[PDB]
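> Chains as they are written, first to last, in PDB author numbering: chain A, 4 to 186, 195 to 1082, 1092 to 1174, 1187 to 1244, 1255 to 1454; chain F, 69 to 155; chain E, 4 to 215.
We put the beta carbon where it would ideally sit given N, CA and C, even for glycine.
Dropping a structure here in structure tokens format, bear with me for questions.
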RNA sequence: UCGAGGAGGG
DNA sequence: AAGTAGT
DNA sequence: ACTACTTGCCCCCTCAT
Ligand SMILES: *CCc1ccc2ccc(OC)cc2c1
Ligand SMILES: [Mg+2]
Ligand SMILES: [Zn+2]
């Protein structure tokens, strides 16, 4: 804290290494000889032997006798201990042994030379650690230190190499000792540490630099400890819980152990030394030095304190969630924080936070005294710390700090410029507000303080959704920035209105919720009319009101305003919304849809689809059009008019809202009756062996799959029966229609019927023997036995329904609990794996190594928040409707621009050069239609893109009062060249070379296809009716909003991608039946070697879509089967006459297939099973015969003989040869199909595909699904489409088709995991993750085995997992840390090179005088 | 090296000011204004140092240069006066 | 039965002509779409049995391939009739390679090249030899949906790539040398491949990977 | 003022 | 225990 | 094929050096 004249710098590089004993003895300030910590007279001095002998203070006296500084300074000074004998460093016994196996003993020389080939190529590995792995692999088995070697010129006359003669021992680890054997019996000698030390000290400098070591920073000899550093007290501080008692740290005691064992070894060495007696006091010194650094050694007793609990090792301090790195550096407890219960408030602005007075009196901001505030600050100092607008402390330039609670001068402080005043938090201070867990960045947002009473944080309700905050008792956190520039970082980056439209889903993340949403529908109703007395209150309630009472829609006998009318006062001007819900006409008979013009509602009931977090909703529009702050006011003004109107209209929900209304119940139970009658039918079916299974499914499985569909297909029927019976006044229906709470299934279960309970997919199992409850007879598969709840929640469950429903509920609660640890840990692995990824100032997306992950972020360079789903109007419809819309033929009197559309209309008829222009326009639009159908194969047209051109043109049509009568003053040169010119101004990259310029046309290609598709000449002139005015204005706006939509270099895209994936992973209430989201995502992120549902989707040859027989042929062509699948039984007979036969049913078919063994093997096959696989006994026998060739004489009955028999005999004394031949036949040999393929189902997928007319048509095709993967083999099968085949095993895709195709399948799978739960995540996040996993050439797991073994800095990698082992290898290998990783600058307390740190701020002296 | 400075007539980054550049400029300035540093605008009654910095930026009277570093130590200097400020 | 096996060999012959055409050698599209009948019409004996040594062929570089890569030598593609390639046919093909003095030699083996023969694979530098299994060649993987356009960059094209992005080769995405497509292009170490794939954010996106 | 164990909250 | 990296 | 492994958000009482 005190001033120092040393130059202040920041850490640029961290150079890791190992301590030479000499350097320890050098920087050692004390010798440390006695375990006595205290003066031994307990005179409150510290002995000149262990604690403060020049090492630092534990008291309040100018100590640190070397520093003369006293604590809060003198960080701690080191001492040394000279060890009586070398001991291993426990963290390197693995590496020491590994080095011991590479070098010869008694000759410090590398075992393998450059005279070896595999060595000299492993020697050239540029990496250090991987080279050491290859050298240790080549040298762990050369055991003879060879002295001469076959040369490179001639293996005959060979070459010497100055080699050791001795044989190299085979070494093994025993506890903490290294023991070896040599070369008629062996010999075993333990390797003394000094022997290894002398051998390491003789390793050549080139050899250990080849072994990854560093001549100056980490020689191999230093993994062995000779002089041991003694950390100062601040690392192992004392305790003062009484006065004449002081508790020393665990480390101080463990050192005293090391010192005791050392003095024992020193006297035993200096005296008469019995060999065994000292060579086990050494084993004890090694034990103490080892367990002092790591006391969690595998396969050893822990070093235990007196009380039995183990001594906390130093490694234990750094490792783990609560260790040094995770819980003290990557995360801290912080000052200037506050936390309390949260509440809602209809009367706070969206970006305000209600702060209780007691907290505002406590939290304090340091304001520098400037002439702009000396008056206000002087008044706050007068109010002092007890009244709210007051202050706690005053800091003078000297430093010593005045406490207004106590200072006698707190009354008459006359402030001075430059002094700091620590004033209370006051209204409109930017503060950071957070609810936990903090899953995405919107969980922490900057609010404006409003000091209020009553001890609760108060939130605006539209901000609940991003925090995931309810008011069932939550607490939220508040952090108060302390610098004038961290406030700016909050108000200009993290402020709530900025975070409204989120880049995670390119949609808003805040909407109109709960009361205001339920009321805005009742208010918006067509027959909702407001009287004058109440209109004036609703108007005065909107603060930005212009004071202009709008003309009432109804004058007539009495003036009446509509609900839509008054609500429109909150919608600002310049807002245009169109949405056709369903059967919506422009007449909107059902008040369906939404039509807002200039900020006035024209028709349509307002609900969730208009004012929720909807994609094209009112909030997304106002935010893009008018701005963050205008949309934030839009929340407050709607939540004030709707909330006020609802306050006086009222709203409730009673139990009568669940009444089924008489006969609807009668008709509901009839519906359940005829359903309970259909299952009893299928039961008598399956009980009489009359039902038949679908392929690859049990008769029983097929039965239950039927029954379940029968049941909950009838539950949904009673559901819609009650939804339809419920009048439009039913308050629950009102909430479902407004979209504020509740859904269909809710009405169904509450009023009609609950439905079938399920556990693990199937119905309620037979927990007891052959029944679900003892109140049931055995083998009872009835609906009301396996857990079908027939009663509504209104009627009431029976004890059986109650218990089954309890079982089903417990499955969901278990699922939640069992999965939260998984989703939370997947979230962490994602963040820690993408954390150092951001966009640099060349638009390339890089990590902390400069390695390019994405050349242009998201392949388009756009901020996901500036992107909306618009339609590509040039991909669908007939080839003709295309021509009708876009073709302009100036040389044809029927297909020319009508002279009504523009003024040069008649004088351009027959213009050959203009037609040459419109021709090349039309050839570009048809080129685009080609390109689009190549990119989007299935014809999907709606795709998220940067500039909403539809709104940008509706704006022009309104701004300029465009009448669909007057002809445009545009010329075709204006439109065609204006758009052609506009494109080369849509800029993302900006380099002056063909690489970057090609990258530009690439990144801009798709958007330009949309632009030309919407600014085509006939569209501009016949649909839009634009003017050269409105058109030029549309072009300038498109260029503006485009440049605004590019990403800003600095966006921490990595963390955004991780949070954008991990947070939807939280909301997954999971679980062909394949592995579902949360487990499958665990599979994918881990690069799971043996996944759970390895399906294979095989599409067949093009000219065979509907050929079902062809599909049946491929099913039989690939689906594996063995003889076991068709064999009923096998028997061994003694039938010793190869020409006669004792079994009379085999009397025939013996003179028909007309030396050997008298022993007969007779198989009986299943006619039904043979027919599922098309029989052909000849194929079976022919395969067996060609399986054994001459050794096995085989005959069989013919393909329709009543019993299906194969007889087998051996050819020219054990007879167990036949016993083993039986299961050789049953298990090993195959009949037809591919290996690892098991079931093969035929499903008939729908598939959109373009008609010869042009438009896309549903043309479904037969597809085979699969249980098991053999891609390399199924691929080469005749009759299939080998270019549409797909596997959910992307590990296989990477191995057969390449890394790129693996990246595409890896994305297709992660996308299926999110979409399967209804969620939407924008492309660039999933894309960025998949690109990180594939950028190194293979599949890098998001796992301590994959990415955390990269070349990123050691501090970054250690901040994840395997912390101390990573820091040990960093020390041994002398790693260098760029401190480019964000985690490094977090550890070092430096501004990280992210966001506002991606650049430096320079002051310019010449502009400093230009301005004065 | 110091051939690390891309010359002005060869700068290829964006001519627009980023969210982070603007936030770091307004913060840095409001910090210096708050530490009694010379102000280059008519205050016109403004007394919050941030609102003062927003006024300096509105008139391009901020005398600071943004040093944009490229992934190799190369960098481009840009004055706040040059940089376009949409938002 | 024996007839269905010869079709697979014909499919691999096709995929070989496609791979040679793609690597940058003068092959026509007629030679590629060599129909089903005309194959047994040329490479089957009296019994209708495929003779494989007849199938081997040389291929020369195209005009623009020599313009882009001047040292793209001539390529030789020998097939083997014996399903296990003995070291005798290897040294025959190998001394053939340096005798006629080629740059690249592609050896398609039916079932197994012995550990003895594959010892002579890097025995003729400065020429390289690639070994392809017959069954991994029946389907051209590059015709798959998920395999986008790979393009081998020249030494100057890559030097320009590293300059215009300020990159060391370590900062470039990597393609494994044993990667199926890298084997398909004869992609050697350090050679940079340029990957043009379609996109849904933009119309088309260009990435690059480097060998190993 | 040292920590460990248990019970709870969203 | 899961699951993988390494002996 | 067997063994060596690491590792699974924020926020009161009781006990005993
Ligand atoms: C602390 C991380 C976290 C929060 C909420 C979650 C909700 C459900 C699940 O399991 C399905 C995971 C969560 C993880
Ligand atoms: Mg809650
Ligand atoms: Zn000191």
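1) Output the residues surrounding ligand 1, defined as those with a CB atom closer than 5 Å to any ligand heavy atom, in chain order.
2) Measuring CB atoms only, is the segment 307-327 of chain A touching the segment 248-259 of chain A, in the sense that at least three cross pairs come out at less than 8 Å?
3) Please specify which runs of the alpha helix (DSSP H), each continuous and at least 4 residues long, are wholly inside the segment 720-773 of chain A, giving them in chain order.
4) Could you check which residue in 1392(A), 818(A), 92(A) and 139(A) has the C-alpha nearest to that of residue 298(A)?
5) Got a sec: which bits of the segment 152-178 of chain E sit with their beta carbon under 7 Å from any beta carbon on chain F, in order along the chain?
6) With a threshold of 8 Å between beta-carbons, can residue 77(F) be considered close to chain E, or not?
7) Go through its chain and collect everything with a Cβ distance to residue 198(E)'s Cβ below 8 Å, but skip five positions before and after it.
8) Given the structure, does residue 51(A) come close to ligand 3, in the sense that its CB is under 7 Å from one of the ligand's heavy atoms?
9) Does the segment 1121-1141 of chain A touch the segment 1395-1403 of chain A, meaning 3 or more C-beta pairs lie closer than 8 Å?
10) Helix, strand or coil: how does DSSP classify residue 880(A) here?
11) Measuring CB to CB, does residue 243(A) end up less than 8 Å from residue 58(A)?
12) Figure out for me which residue from 63(A), 43(A), 62(A) and 84(A) has the closest Cα to the Cα of residue 36(A).
13) Three-state secondary structure (DSSP) at residue 1461(A)?
14) Can you list every residue whose CB sits closer than 7 Å to some heavy atom of ligand 2, going in chain order?
15) Spatial neighbours of residue 702(A) within its chain, please: C-beta separation below 6 Å, excluding the five flanking residues on both sides.
16) Let me know if residue 97(F) comes out buried or exposed under the rule of 16 or more other beta-carbons within 10 Å of its beta-carbon.
17) Use the C-beta contact count for residue 131(F): other C-beta atoms within 10 angstroms, 16 or more gives buried, fewer gives exposed.
18) Can you find a C-beta in chain E that's less than 8 Å from the C-beta of residue 1366(A)?
19) Have a look at residue 145(F) and residue 127(F) and give me their C-alpha separation to the nearest angstrom.
20) Would DSSP call residue 93(F) helix, strand or coil?
21) Can you round the beta-carbon distance between residue 102(A) and residue 231(A) to whole angstroms, since I take them to be within the 8 Å contact cut?
22) Residues of chain F with a CB under 8 Å from the CB of residue 503(A): which are they?
23) In chain order, what residues of the segment 135-147 of chain F put their CB closer than 9 Å to some CB of chain E?
24) Could you check whether the Cβ of residue 204(A) sits closer than 7 Å to any heavy atom belonging to ligand 3?
25) Is the CB of residue 499(A) under 8 Å away from at least one CB in chain F?
26) For residue 136(E), tell me which candidate among 201(E), 121(E), 146(E) and 172(E) has the shortest Cα-Cα distance.
27) Determine whether the beta carbon atoms of residue 473(A) and residue 432(A) lie at a separation below 8 Å.
28) Any heavy atom of ligand 3 within a distance shorter than 7 Å of the CB on residue 82(A)?
29) Determine, for residue 203(E), whether the minimum Cβ-Cβ distance to residues of chain A falls below 8 Å.
30) Give the secondary structure of residue 933(A) by DSSP, where H, G and I count as helix, E and B as strand, and everything else as coil.
31) Does the structure place the segment 967-982 of chain A close enough to the segment 1036-1043 of chain A that three or more beta carbon pairs sit under 8 Å?
32) Cβ closer than 9 Å: which chain A residues qualify as neighbours of residue 151(F)?
33) Could you say if the segment 107-117 of chain F and the segment 1424-1438 of chain A meet the contact criterion of at least three C-beta pairs nearer than 8 Å?
34) Is residue 1189(A) helix, strand or coil when you go by DSSP?
With the given structure in hand:
1) 448(A), 830(A), 831(A), 834(A), 835(A) and 1077(A)
2) no
3) 742-749 and 755-758
4) 92(A)
5) 169
6) no
7) 151, 152, 153, 154, 209, 210, 211 and 212
8) no
9) no
10) strand
11) yes
12) 84(A)
13) Outside the modelled stretch of chain A, which goes from 4 to 1454, sits residue 1461(A), for which no answer is possible.
14) 481(A), 483(A), 484(A) and 485(A)
15) 696
16) buried
17) buried
18) yes
19) 20 Å
20) helix
21) 6 Å
22) 87, 90, 91, 94 and 95
23) 138, 139, 140 and 142
24) no
25) yes
26) 121(E)
27) no
28) no
29) yes
30) helix
31) yes
32) Chain A residues near residue 151(F): none, gap ~12 Å exceeds 9 Å.
33) no
34) coil
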